[PDB]
Amino acid sequence: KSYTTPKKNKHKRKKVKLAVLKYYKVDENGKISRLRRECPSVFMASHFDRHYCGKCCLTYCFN
RNA sequence: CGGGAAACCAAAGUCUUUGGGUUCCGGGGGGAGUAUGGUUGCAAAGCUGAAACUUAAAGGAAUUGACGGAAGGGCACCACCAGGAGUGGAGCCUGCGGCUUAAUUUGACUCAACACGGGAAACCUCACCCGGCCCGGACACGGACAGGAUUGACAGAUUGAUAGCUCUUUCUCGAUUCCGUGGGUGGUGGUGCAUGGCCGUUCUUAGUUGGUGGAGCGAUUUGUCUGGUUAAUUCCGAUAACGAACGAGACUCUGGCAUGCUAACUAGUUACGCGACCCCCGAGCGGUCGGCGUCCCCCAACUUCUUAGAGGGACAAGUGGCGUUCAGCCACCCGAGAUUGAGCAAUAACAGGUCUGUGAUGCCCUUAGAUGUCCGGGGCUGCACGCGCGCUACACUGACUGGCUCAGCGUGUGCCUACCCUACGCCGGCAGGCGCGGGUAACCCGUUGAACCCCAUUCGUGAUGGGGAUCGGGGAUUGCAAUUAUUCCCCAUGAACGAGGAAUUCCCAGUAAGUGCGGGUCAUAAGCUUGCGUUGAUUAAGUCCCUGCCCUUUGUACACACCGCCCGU
């Protein structure tokens with residue numbers, strides 16, 4: 001069992017959508033512009049070099 | 001008569017209902033019959049004789065226990081005698097302390113610990129030491145709750161691991177998350193000296209209470225005994241006790257044997273029909289005979305063996321001795337001659353073990369840098385040592401090799417869960433492997449065709465081939481992982497040990513003792529333990545000599561009770 005004081009941390013990588021962050025662009029009515037790669041089926045954009053989803057979980061790794 | 005604390009007393013009586021006359025003398029215990037003073041004494045010493053201080057009890061009689069190197073009866077191989085096999089001595093496997101280590105986790109200490117916690121731990125179990133995830137933190141009190149919290153997932157460094165642990169941030173369950181206060185659920189964390197329950201032991205002997213009655217003021221006592229008798233406070237008796245309950249015994253299971261009974265293709269059948277099949281396989285030309293490793297349907301005969309239901313049977317009954325001639329004992333034809341072995345088990349207890357079996361639990365510890373849980377690798381097994389249960393031998397009644405033939409309890413597959421028992425054919429020396437055909441079982445394993453033992457060869461008193469430790473190389477198995485070698489096989493090294501000091505345990509009949517086989521632990525499996533069967537004695541029919549036990553009589557300055565108390569430089 002874990003008996004020792006030194007772990008140096010243990011916490012959650014807290015996530016927020018409370019911040020101001022645009023996922024599409026502010027265009028005229030009837031036309032929406034996508035800043036990053038997002039699918040109709042909606043979060044597949046590059047993280048830093050890979051793609052992964054929450055509702056689909058299809059890992060893109062060479063495109 | 002009557003006194004007295006009572007043991008006792010014709011005085012220790014005539015004592016609160018006290019007064020016959022008179023002498024000496026004591027006021028809690030110790031310091032003390034000490035110091036000093038007086039006095040007698042040849043000397044030893046005698047007579048008279050304080051206080052300071054210290055202490056809560058000293059002290060008498062009886063009552064129950066405990067105890068006795070105290071007597072009287074009696075029982076027990078956790079006792080001895082007569083013996084047998086053993087331990088201690090040597091190799092080793094497991095438990096203990098000490099040493100050691102991050103940790104080598106802990107309980108247990110004469111029987112009543114030390115092969116015990118089914119404690120044979122690779123992980124797991126793991127409670128120990130080194131690291132890493134999680135909140136399975138109920139609910140409510142306030143916030144965060146609309147650019148709306150908070151899930152989590154490979155980026156790449158990092159970590160040990162491809163734990164988005166983190167760093168880093170991109171995705172969602174979206175108000176079930178998230179932060180402080182309140183309540184800790186949780187815990188193999190501490191106290192078995194707070195407990196429950198369950199066990200062990202005192203204690204495997206025969207002992208234990210109360211109702212009414214009698215005695216003592218009383219604690220207590222009698223009933224529970226003078227005596228004989230039995231395994232037994234089991235009886236007959238005796239009797240200021242009577243009538244009853246517990247323990248014993250009685251009861252349950254087990255072994256015996258019942259040529260009688262209802263029964264059996266999942267048992268025997270086995271006797272038979274010889275309904276067939278086979279070998280001249282032999283006396284036998286041959287049949288009948290002997291055999292079958294065989295083959296049958298039930299329209300054979302049943303139940304001796306196989307199984308298990310009711311039965312049945314043994315009860316000091318028959319006879320003879322011994323006895324207060326009651327309880328009973330000894331011997332003998334009969335036959336299971338009352339006799340197999342256990343289970344069960346009272347009164348009062350122990351600061352006997354267990355909080356490490358439990359959602360059984362009080363209190364304390366702790367609860368997020370967790371004493372909760374999960375994961376990784378280790379450790380519980382480490383070596384100058386001493387210990388306690390055990391297997392192996394030290395050999396010739398033996399070992400190596402071949403033939404030979406016989407057993408009984410059980411056990412065995414899909415369960416909240418992961419693998420059972422194994423015939424039979426081939427491959428492989430073997431350890432093992434591959435198709436496979438049975439079993440949830442009187443069905444196939446398995447007619448369980450086990451071992452020492454029975455009959456032959458080799459070895460030749462020699463550390464020899466007895467012995468099988470240690471070490472190297474190899475070959476397979478179960479598993480997420482075998483290295484500090486899980487097991488098993490093969491070659492090979494071939495040590496300690498020449499029957500074991502002081503001590504000490506177990507046993508009296510299919511018991512000791514030898515050999516083998518099941519169950520348990522068990523994915524891998526026993527040198528351990530719980531059971532089964534086979535081979536089969538010598539030495540006893542007794543005593544208190546030792547360690548101990550029950551009852552009675554006596555003794556005590558003991559009462560957490562001889563592991564007691566207690567005396568002086």
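Every read-out reported here was derived from the displayed coordinates using simple, explicitly stated rules and does not represent laboratory data. Using ideal geometry, Cβ is built from the backbone for each residue, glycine included, and neighbour counts are taken over all protein chains shown.
Worth pointing out:
- Residues of the range A:4-30 that are more than 8 Å from RNA strand B (Cβ to nearest atom) and out of contact with any strand residue (DSSP E or B) (no Cβ under 9 Å at 6 or more places or on another chain): A:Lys22, A:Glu28, A:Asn29, A:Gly30.
- Any hit, the range A:41-49, residues being assigned to a loop (DSSP other than H, G, I, E, B) and more than 8 Å from RNA strand B (Cβ to nearest atom): yes
- Residues in the range A:50-60 that are part of a strand (DSSP E or B) and hydroxyl-bearing (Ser, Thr, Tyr): A:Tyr60 only.
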